[PDB]
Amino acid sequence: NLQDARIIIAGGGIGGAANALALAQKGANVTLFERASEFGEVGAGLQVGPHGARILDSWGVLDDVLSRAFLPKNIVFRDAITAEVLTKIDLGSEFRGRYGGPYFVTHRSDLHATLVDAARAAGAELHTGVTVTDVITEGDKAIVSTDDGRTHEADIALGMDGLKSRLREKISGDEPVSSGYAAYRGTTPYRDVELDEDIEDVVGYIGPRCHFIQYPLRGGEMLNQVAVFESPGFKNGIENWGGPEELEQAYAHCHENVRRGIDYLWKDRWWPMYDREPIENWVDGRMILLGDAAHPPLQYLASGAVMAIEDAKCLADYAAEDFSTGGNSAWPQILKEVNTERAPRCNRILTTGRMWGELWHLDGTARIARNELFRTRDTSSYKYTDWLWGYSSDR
């Protein structure tokens, strides 16, 4: 266990919160700083596959999370132009038995609040309204500086400050890479959505230069909707690219079921999709980057938060194993071994994520080949997903 260990965490997103929980359950002294004045996430959906669900269960928060979540029966891919079913992934008992947990969807906000509360209950000291301005290593401590003039000593620091991380600059000067696709969200009361059929699945309509995703939340009361389209604005160098004026032209070619959905999206806010080129080294002395700071993906595999949750389990588990026997001295070896386990796993998600996305968005004859590939696959095979959903950091 981690009794005498002091850890500081810069950033209190899903990733920071999950690390505070995982370390604090091991007996670590955890201090986390979050810039915004409250802990909060977007009131829209996210997907958490069994690779996350397992981990949440091992912290004892899955039952609670599930009580406010939705359990879809399948992931259903449809053609965005014809609305025809291309294939299904069955999320039933075979699926759960193979991967050790359910595939679920919930409100990001509720998942987030659940992790913050349990991290608090486990002993983490969380601070809102505090910006980390610098981290350096000196001797065998991490020295962390905040925007209220104070400095702080810890055994290690976690840089969990997101896609636009400033702590990343200690390790790499790369910048976010635009995909040229923008995401819009919406949650609707379920009844109030004009639906031809009912939805108890995660449904992905995939089309030339767009996609459209739908799933129920909170026991089938609301329906989460997500639209992702290639921005003509981005190619012409617009700075605030992907605005709602592009929406109607982007989906004009698509099936009515897809076009109906555009109306329910929040138009006052959207998410341009950037990621970063994969990097191998995430450690600077006694600082490690985790979460989106280390490995921000495009969202086609629905796995970025999950990756940050894995980061949390791997770090907590590996430190608990080596700290008991090696003390504060052992911290850099711990970080290196976390880095080594986590880098290939996460970097394959970033790279494969890009290829998966391109596969969704193909046109012409390429679309016809892709449709046929999907329809005719062996649905009892798990070769396309074991690497994703069947990973574990356990050694």
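Position 1 is the first residue in the sequence shown; the rest follow in order.
Annotation for 83-91 versus 225-233: the higher mean temperature factor (C-alpha) is found in 225-233. Per the PDB record, of the two stretches 271-279 and 308-316, 271-279 carries the greater mean B-factor over its C-alpha atoms. The PDB entry gives the largest Cα B-factor of the residues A118, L290, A250, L71 to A250. Reading the B-factor column for the CA atoms of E256, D201, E125, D161 in the entry, the top value corresponds to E256. In this PDB entry, the Cα temperature factor of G97 sits in the middle third of its chain's modelled residues.
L195 sits in the highest third of its chain by CA B factor, as recorded in the PDB entry. When the CA B factors of the chain's modelled residues are split into thirds, the value for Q333 lands in the highest one. The deposited CA B-factor of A157 belongs to the middle third of values across its chain. For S109, the recorded CA temperature factor ranks within the middle third of the chain's modelled residues.
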